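J.: I have a structure I would like to understand better, so I am pasting it below and will then ask my questions one at a time.
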Amino acid sequence: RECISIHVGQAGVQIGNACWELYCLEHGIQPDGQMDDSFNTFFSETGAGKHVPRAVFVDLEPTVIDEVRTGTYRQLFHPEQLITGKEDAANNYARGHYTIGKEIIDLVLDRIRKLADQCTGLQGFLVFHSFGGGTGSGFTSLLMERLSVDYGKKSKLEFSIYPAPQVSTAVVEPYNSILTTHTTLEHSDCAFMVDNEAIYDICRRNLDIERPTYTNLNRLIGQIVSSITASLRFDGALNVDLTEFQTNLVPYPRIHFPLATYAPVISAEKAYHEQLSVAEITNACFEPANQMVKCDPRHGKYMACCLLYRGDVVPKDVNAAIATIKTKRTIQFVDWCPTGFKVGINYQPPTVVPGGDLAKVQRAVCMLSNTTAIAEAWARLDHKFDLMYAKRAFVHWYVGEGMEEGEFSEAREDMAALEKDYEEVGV
Amino acid sequence: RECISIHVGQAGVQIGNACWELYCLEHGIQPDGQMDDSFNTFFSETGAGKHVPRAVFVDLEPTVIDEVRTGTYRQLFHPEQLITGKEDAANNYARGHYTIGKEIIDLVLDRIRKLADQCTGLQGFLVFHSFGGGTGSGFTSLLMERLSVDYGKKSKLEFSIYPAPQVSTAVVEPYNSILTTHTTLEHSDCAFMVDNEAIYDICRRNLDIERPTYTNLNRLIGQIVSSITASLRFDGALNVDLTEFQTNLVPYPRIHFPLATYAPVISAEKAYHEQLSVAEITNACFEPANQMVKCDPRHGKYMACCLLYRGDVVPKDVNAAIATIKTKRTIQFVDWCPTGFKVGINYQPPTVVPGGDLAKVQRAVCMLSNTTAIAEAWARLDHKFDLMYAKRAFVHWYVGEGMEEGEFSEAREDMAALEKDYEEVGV
Amino acid sequence: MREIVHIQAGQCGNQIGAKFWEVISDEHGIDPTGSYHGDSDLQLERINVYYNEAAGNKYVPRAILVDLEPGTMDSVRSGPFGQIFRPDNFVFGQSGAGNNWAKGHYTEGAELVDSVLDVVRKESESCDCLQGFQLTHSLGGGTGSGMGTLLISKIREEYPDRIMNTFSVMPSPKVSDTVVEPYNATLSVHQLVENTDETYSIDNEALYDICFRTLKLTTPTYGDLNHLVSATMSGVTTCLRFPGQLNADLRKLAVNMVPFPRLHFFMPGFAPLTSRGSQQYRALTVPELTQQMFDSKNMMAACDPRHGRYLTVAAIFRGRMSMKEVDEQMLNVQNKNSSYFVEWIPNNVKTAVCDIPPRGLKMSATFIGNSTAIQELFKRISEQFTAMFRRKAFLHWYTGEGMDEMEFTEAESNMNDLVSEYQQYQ
Amino acid sequence: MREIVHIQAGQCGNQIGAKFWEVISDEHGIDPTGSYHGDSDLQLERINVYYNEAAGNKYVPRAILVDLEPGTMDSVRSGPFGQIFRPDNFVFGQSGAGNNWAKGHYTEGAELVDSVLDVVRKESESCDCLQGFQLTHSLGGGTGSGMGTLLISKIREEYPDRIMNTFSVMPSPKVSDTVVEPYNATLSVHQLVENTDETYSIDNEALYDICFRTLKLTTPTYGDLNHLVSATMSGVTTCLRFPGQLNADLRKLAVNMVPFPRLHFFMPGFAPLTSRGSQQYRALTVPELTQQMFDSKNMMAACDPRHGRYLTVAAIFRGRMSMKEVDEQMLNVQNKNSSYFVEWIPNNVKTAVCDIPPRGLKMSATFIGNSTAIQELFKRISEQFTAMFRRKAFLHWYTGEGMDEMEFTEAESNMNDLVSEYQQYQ
Ligand SMILES: Nc1nc2c(ncn2[C@@H]2O[C@H](COP(=O)(O)CP(=O)(O)OP(=O)(O)O)[C@@H](O)[C@H]2O)c(=O)[nH]1
Ligand SMILES: Nc1nc2c(ncn2[C@@H]2O[C@H](COP(=O)(O)CP(=O)(O)OP(=O)(O)O)[C@@H](O)[C@H]2O)c(=O)[nH]1
Ligand SMILES: Nc1nc2c(ncn2[C@@H]2O[C@H](COP(=O)(O)OP(=O)(O)OP(=O)(O)O)[C@@H](O)[C@H]2O)c(=O)[nH]1
Ligand SMILES: Nc1nc2c(ncn2[C@@H]2O[C@H](COP(=O)(O)OP(=O)(O)OP(=O)(O)O)[C@@H](O)[C@H]2O)c(=O)[nH]1
């Protein structure tokens, strides 16, 4: 079992330096780069007593790359993998895909192929990016189209950071997301979304951290994406590989946007006072405010969800928990897939970063759940997009790059084509 | 009973230093050259308390001879037997047979005759070479023509390494084999073929050795040619001499190319967990992937095969094994020779090299089986030869040596003359 | 003499089979390395019916372990008796099935069947005369359900007269550890109902319920559940492993339990079942076991037998006991509860006894019953199959592997037929 | 046994050859003075194939250094291993060529050829049996281009059967360090294509591009470039210098790589190539080197191999390694990329291995390839030749030395023919 990761844009490298911070701590790998089969899916054996990561951090702006090259994890990452551009995308899907993308995709694609040649058990890929940025929206759309025509059959996990309803970092981020989703729809097998404001109230309420940064955020997101691949690393009573999440979550080829939520998220002083068990965590993840995406689940119906656990958790009490959750009438499962449960257990417990706000817990759980609760978000993104598209605002840059109103018009009706079938299956 | 061996080319000396490694260990001969009738057929009595081998390692390139002279088996081999040339054949049948061969064959032929004079029970000869090389194709063709006119009646065992279907060390090796086979057809009594890639999957699958070298290969091939002559060395319930393989394998004077296969080939840790018996080895050797030549036996029919065993093996269970193999309809024997079975038993068990990957077994079996499964190989070698012969590629060196298109045309039609009678007897 | 070859398809098949060799090796007295240290000479006669004699007084089993993921082979190899298995039988691919019946049956499994078919040719030739194949798989998932049922079809083409006994664990409504259970179950039973002459339907709901009422286990893991099902697999194949006053072959139960060729889905069960805290207060006599034998909550199936009628049942007792009180007990259960037995058969009970019980116990037995209560299990999964199939949900991945929706409709035609077969004789 | 005589014509020839004795002397363990201090006895056998034994356990090379300016001889004499060379081989005139092919080939060089021809008579007689001549020159300029190719014709008249190997570096369009490059190149290749049986076409652009991508050298001088090309000259002549499992003579590559007498322009290359800042983060295994072996930006020629098709290639590995994984790797490059190989040959790959690697490294290899991509280099220089020749620019100096414009037209007839020869087999 092997899988190659790729991080794009400002959002990717903050996920890169954080998510790889705990992997080397999980396998007992010191930061210098050295200390039997669990680390094979993310670290190769470089001759004798040295490792190297299976990742590519591409970014147009080198302001993040030189920081990592001059950071503390210098001896770990390959200097060739830290790819550098020439100039930033400027929150332009057109500039990050067509002008700046084409003159560097020939180097990035050849770099991906030569690393994939020596692989033998390459299960798939996982992409880290954000449609609200320029490099994460433009350059990621280029490689996904160019590698899908090459490989195609292999799986892909798109970990994209989406915009919030009222919170927003930029103004052109609807234009970045509306264009790239037209290309990401047909080639991305499954994309797990993340919201920026959804993390804000989580740490404020549960972790009671009133001045964190991205380093606290990405440490949690890095732990979330470590649990989904934890079955392949360490042994488990009921293991699941990378192809398991492609079938039991994507019933239709275009409806491939599951929500995500994670629990328990308890502070240090609060962990000793709170009783850790299977019942409260199994109820906490289905709680609507405890999600990584601010979308009302009660406005729709759930299609299917997977209950992947960690640590010494017996398989019986988890079956009783999902059985009790089925009886709760506060939620409502759709009649098209009522038995949409997928239990999973792993023996290796959750790790802990030294000095981090997250506390040690003997058991944890991660959730990916397909539902019709995302259609209200796309409806909101279309309405706010119509305000700017009507006035033709922030359009002279894209056509100044080379685009035109045609693909902008095709991108608008594509969401309308996505609005109808989410409401149809929601019946 | 005596027999004289000769090794030619790079292929011969790696078989020479390996096959003679276990003979001196079989007879309790230390590497220094010293310690009653079993060793007489391969080792003479050198006055008192010293031996000398009955072999000649001829080679045009002395890069292997000085290694053996500076090797660990220095005191064993006679210094006159290690014949050296002046310059390599350069993968040229013409240069190794006509220019460089004639100025040294007068010394080699006189050396063979003076050693053969003191013999009294010289049964025949056995040649180790490879048509894919220059020295093994050019020089071996010279001596075989020149000694056959002299002796003629005596038998000959041509142990030639052939090219694989897709694997190949060189590009001119079809030109080396197509020319030398025109001369080897009429004078060679019987030639047991070996394929290079056929050994690769054997050790990979059975012995589970994922980085061996030629030293592991030739240790197996040296053990194979030790078992075929084991009846003459040690006593046996049903002995067979060198002339036995001339009659029961060569029904026609031109169809004299039997396949070969050997079993059991089990590792050290795998030997204890697997039961060694007569039934599975008698089924394992007839398995098509368990052969030393990658050729489908189901595409033709078997003419005759000999079941020569080793170790403490009673004569009754071996008769039941071949009787059961006759009942299996997965194979199909030819109607022209239905009773093509030749059982043979020997009391002396298989030996073991210290540190070698091969494990100790109380019983073993070696096989030489004539069949029509080789005609697809000659058909393949003719088709690939026609691709280069059409463009007249790699021809200016041979005519630069002295050859011409005439003998090349006579060599092409000779295989066509060989293709028709293999298909005729296959009916 | 009457050898059996163990096959272990799927993840559950490897784990359920690893415990089968665990328990029977104890009563036979086999070392973890492979040597023999048994106490009685009777254990040495019929060792050949499951093991192969080897050098150094060593013994090796005929376990054909097959799976599509290498994790199960490494874990079983590091088990208590992982080293006793021969290494060449551990054939395995690289990529898992991902709970897809189409991959492991047409595309991903076909690359592996050519490697295992040649292995069983070697093991089938080593034995004197094979009696029947003891396969173990699970309807849940794609590997054991897809690739396991494939070689059932291929082996039946070779042996159209030998016995094909399979211990198939099925899904359940409340216990649903996988979303693709009804589709994998519906396609597998289409082949198992036609090819295999015997089938032991096991349900995980009963395995959780059986350990609550009587064992009182507060933290029962998978290892605790495997001990229950492994004892039933050992109890059925005990008469042809030790002598007894009335020995019943595996085929002698098939002739008595299978009145029609498709009607072969059996109800497994086991006795005695007592916790460590109440072992002294229970009587080990035959009247105590027989009442607990046909109890409504004893078998390894969630369906209530009170909602059906037994067409035929068997109780292969095991251990030194008087068979007089045995026959009086089997007479009472059929006479006292005659409403729960078919009137068109005079005797629905089979009998068999053995002399040498397992280690630690004195008298025991194993239950095998073909009843009409199992139709409630086949119809509820069909309702789960019918609910999702009518919208063609979770089928586009199947069509990618060369499948078609017509075979799903044909599988439904076999599903609704066999449940009506039970309704006829009810 | 199979001796080689090194010739060094032109300014580049003396410098490129000085580094050749630098690197091979290290692995052989030769003192800067001339003595031997090696660690292994295997280094002492085949020292005669490039050096001559002398008194006091001293050794001297057979380097025929020739040039028309005394500056290159004084600099090489003051080098790291400048004192080891014998002074009598340092023959040299007074006046330079001034980048004129006609002066160093007809008038100025003819005064010097009589002095060097008698020297090779002495060195050719001292050896037991010469194998082939390893010359080094550059098409740029007049000294190495004019006088270097002159003695090629004279020696071939004496030895019409021996091997004449040359490591010729050619000009390039972007890197043009001399105005008379196309005229000097066009007249030189007229003789090299007919006389020499082997030719290694090296381009200075690739030597700059190879040091940018993988070595990451921020200030690479000529000494850094010489280390790359000198290792390829050492790698080709390693099998007949140390023993191995399959030793390939220099002539054995000629028979395999030269399907026609003129078609002998080879593509040199080298591996491993990794910087000091990334040497630790790389695997030295055979699958890692083989992918980098046939990389599009690895060879020492600016022409893209993707724009052509390999007619024949060789990879003489060097170091202890398993040849099993080697053959699978050479099988994959020809099978996975079969479009970039000619269909009218079944196998385009040659193999060879050695046991004793160089100092500091464990496994290595060297590439030699005859492909159709080289025709893009011969045609662009022909356009440079045709652009200036059509106006007879910069030809009056050639006519002063007794030349004629007809020979320039005849050289063009050889130039446009050989590029069409590659077009035939493409
Ligand atoms: N009675 C038992 N049932 C088990 C056991 N292990 C698993 N199972 C049940 O069988 C169900 C599926 O069987 P498996 O665990 O073998 C899934 P499989 O290995 O075939 O596919 P992958 O692991 O995804 O490669 C599973 O959900 C359980 O309900 C066991 O040890 N005993
Ligand atoms: N690969 C290398 N190429 C070199 C080296 N030195 C020079 N050159 C290249 O060869 C080109 C011409 O070769 P030379 O330097 O020998 C000029 P030459 O000495 O023959 O004439 P004069 O110096 O004018 O007497 C030159 O322009 C370079 O492109 C070197 O050390 N290595
Ligand atoms: N949640 C989260 N989002 C991030 C993080 N870093 C960047 N982002 C996202 O990045 C978006 C801003 O655009 P950037 O990704 O920074 O674009 P860029 O890489 O600076 O390049 P340009 O778009 O050309 O300016 C925001 O909308 C964020 O959602 C992070 O650490 N955490
Ligand atoms: N199986 C096996 N084949 C060998 C071995 N040594 C050499 N060969 C064969 O030799 C062939 C290569 O040509 P060589 O026989 O080495 O030719 P050479 O003796 O080096 O002399 P030239 O042909 O002039 O280069 C390959 O095709 C191999 O099949 C060996 O140890 N084992």
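To be explicit about the labels: the chains of the structure tokens are called A, B, and onward in the order shown, and within each one the residues are counted from 1, while ligands get numbers from 1 in the order they are shown.
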Around ligand 1, which protein and nucleic acid residues have at least one atom no more than 7 Å from it, if we count only C-alpha atoms and all ligand atoms? List them as a ChimeraX atom specification.

T.: /A:238-241 /C:10-13,15-16,68-69,96-99,138,140-144,169,171,177-178,204,222-223,225-226,229

J.: Can you tell me which residues come within 7 Å of ligand 3 when counting only C-alpha atoms and all ligand atoms, ideally as a list in words?

T.: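 Final answer, ordered by chain and number: residues 9, 10, 11, 14, 15, 61, 88, 89, 90, 91, 92, 130, 132, 133, 134, 135, 136, 161, 162, 163, 168, 169, 170, 173, 195, 196, 214, 217 and 218 of chain A.
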
J.: Please return, as a PyMOL selection string, all residues of chain C lying within 7 Å of chain A when only C-alpha atoms are considered.

T.: chain C and resi 94+98-99+174-179+221+387-388+393-394

J.: With N, CA, C and O atoms retained, could you export that selection as a CSV table (one decimal), in the first residue's frame?

T.:
chain,number,residue,atom,x,y,z
C,94,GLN,N,-2.1,-8.1,-4.2
C,94,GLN,CA,-1.7,-6.8,-3.7
C,94,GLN,C,-2.8,-5.9,-3.3
C,94,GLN,O,-2.8,-5.4,-2.2
C,98,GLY,N,-12.1,-3.9,-1.8
C,98,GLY,CA,-12.8,-2.7,-1.5
C,98,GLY,C,-14.3,-2.9,-1.3
C,98,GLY,O,-15.1,-2.0,-1.5
C,99,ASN,N,-14.7,-4.2,-0.9
C,99,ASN,CA,-16.1,-4.6,-0.8
C,99,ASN,C,-16.8,-4.4,-2.2
C,99,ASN,O,-17.7,-3.6,-2.3
C,174,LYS,N,-29.6,-5.5,12.0
C,174,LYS,CA,-29.1,-4.6,13.1
C,174,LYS,C,-27.6,-4.5,13.1
C,174,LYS,O,-27.1,-3.4,13.3
C,175,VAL,N,-26.9,-5.6,12.9
C,175,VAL,CA,-25.5,-5.7,12.8
C,175,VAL,C,-25.1,-5.5,11.3
C,175,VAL,O,-25.2,-6.5,10.6
C,176,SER,N,-24.8,-4.3,10.9
C,176,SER,CA,-24.4,-4.0,9.6
C,176,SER,C,-23.0,-3.3,9.6
C,176,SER,O,-23.0,-2.0,9.8
C,177,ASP,N,-22.0,-4.0,9.4
C,177,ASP,CA,-20.6,-3.5,9.4
C,177,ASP,C,-20.1,-3.2,8.0
C,177,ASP,O,-18.9,-3.0,7.8
C,178,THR,N,-21.0,-3.0,7.1
C,178,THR,CA,-20.6,-2.7,5.7
C,178,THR,C,-21.8,-2.3,4.9
C,178,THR,O,-22.9,-2.9,5.1
C,179,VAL,N,-21.7,-1.3,4.0
C,179,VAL,CA,-22.8,-0.8,3.3
C,179,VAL,C,-23.3,-1.7,2.1
C,179,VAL,O,-24.4,-1.8,1.8
C,221,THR,N,-14.3,-10.1,22.5
C,221,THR,CA,-13.7,-9.7,21.3
C,221,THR,C,-14.0,-10.7,20.2
C,221,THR,O,-14.8,-11.7,20.4
C,387,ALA,N,-34.8,-2.4,-2.0
C,387,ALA,CA,-34.9,-1.0,-1.7
C,387,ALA,C,-33.9,-0.2,-2.5
C,387,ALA,O,-34.2,0.8,-3.1
C,388,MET,N,-32.6,-0.7,-2.5
C,388,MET,CA,-31.5,0.0,-3.2
C,388,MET,C,-31.4,-0.3,-4.7
C,388,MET,O,-31.0,0.6,-5.4
C,393,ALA,N,-28.9,2.2,-7.3
C,393,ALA,CA,-27.9,2.8,-6.4
C,393,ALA,C,-26.8,1.8,-6.2
C,393,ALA,O,-27.1,0.6,-6.0
C,394,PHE,N,-25.6,2.3,-6.2
C,394,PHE,CA,-24.4,1.5,-5.9
C,394,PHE,C,-24.2,0.4,-6.8
C,394,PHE,O,-23.8,-0.7,-6.4

J.: Mind checking which residues fall within 8 Å of residue 76 of chain A, counting only C-alpha atoms, ignoring those fewer than 4 positions away in the same chain, and posting them as a PyMOL selection string?

T.: chain A and resi 31-33+51-53

J.: Looking only at the backbone, which of the residues in segment 60-305 of chain C does DSSP tag as alpha helix (DSSP H), as a ChimeraX atom specification?

T.: /C:71-77,110-126,148-158,181-192,204-210,222-236,250-257,286-293

J.: Could you tell me which of D:335, D:426, D:172, D:247 comes closest to ligand 4 if we count only C-alpha atoms and all ligand atoms?

T.: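 So, comparing all the options, the nearest one is D:247.
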
J.: Quick check, in Å to one decimal: how far apart do atom CA of residue 302 of chain B and atom CA of residue 255 of chain B lie?

T.: 12.6 Å

J.: Any idea what's packed within 8 Å of segment 180-189 of chain B, counting only C-alpha atoms, ignoring anything in its chain fewer than 4 positions away? Could you give it as an MDAnalysis selection string?

T.: chainID B and resid 93 131 137:138 141 144:145 148 155:158 176 246 253:254 256 410:411 414

J.: How about saving the chosen residues, C-alpha atoms kept, as a tab-separated table (two decimals), in the first residue's frame?

T.:
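Okay, again_36.tsv is ready:
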chain	number	residue	atom	x	y	z
B	93	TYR	CA	30.94	-16.07	-35.16
B	131	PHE	CA	25.71	-19.58	-28.88
B	137	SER	CA	29.65	-19.61	-30.88
B	138	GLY	CA	32.73	-19.14	-33.06
B	141	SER	CA	31.97	-24.41	-33.86
B	144	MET	CA	33.33	-29.49	-32.97
B	145	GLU	CA	33.92	-29.79	-36.72
B	148	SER	CA	34.22	-34.92	-35.10
B	155	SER	CA	29.26	-39.07	-27.89
B	156	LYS	CA	28.95	-35.33	-27.20
B	157	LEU	CA	26.78	-33.31	-24.78
B	158	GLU	CA	26.38	-29.69	-25.92
B	176	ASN	CA	25.69	-15.86	-33.62
B	246	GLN	CA	22.03	-41.24	-27.28
B	253	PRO	CA	19.45	-38.01	-36.41
B	254	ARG	CA	18.53	-34.31	-36.85
B	256	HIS	CA	18.41	-34.00	-31.14
B	410	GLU	CA	22.16	-21.29	-46.26
B	411	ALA	CA	21.70	-20.72	-42.52
B	414	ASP	CA	18.42	-24.63	-42.72

J.: Write out as a ChimeraX atom specification each polymer residue whose atoms come within 6 Å of segment 365-378 of chain C, counting only C-alpha atoms; drop sequence neighbours fewer than 3 positions from it.

T.: /C:232,235,266-271,303,305,307-318,381,419,422

J.: If you run DSSP on this backbone, which residues of segment 4-234 of chain D come out as strand (DSSP E or B), and could you give them as a ChimeraX atom specification?

T.: /D:4-9,30,36,51-54,58-61,63-67,91-92,130-138,163-170,198-200,202-203

J.: Extract, using only C-alpha atoms, all DNA, RNA and protein residues at most 10 Å from segment 386-393 of chain A, discarding same-chain residues fewer than 2 positions from it, and format them as a PyMOL selection string.

T.: chain A and resi 172+174-175+380-384+395-397+405+408-409+412

J.: Using only C-alpha atoms, can you tell me which of C:406, C:180, C:284, C:151 comes closest to residue 384 of chain C?

T.: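 Nearest to residue 384 of chain C: C:180.
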
J.: Near segment 88-91 of chain D, counting only C-alpha atoms, which residues have an atom at most 10 Å away, once you skip same-chain residues fewer than 5 positions from it, shown as a PyMOL selection string?

T.: chain D and resi 7+62-68+70+73-74+77+112-113+115-116+119-120+123
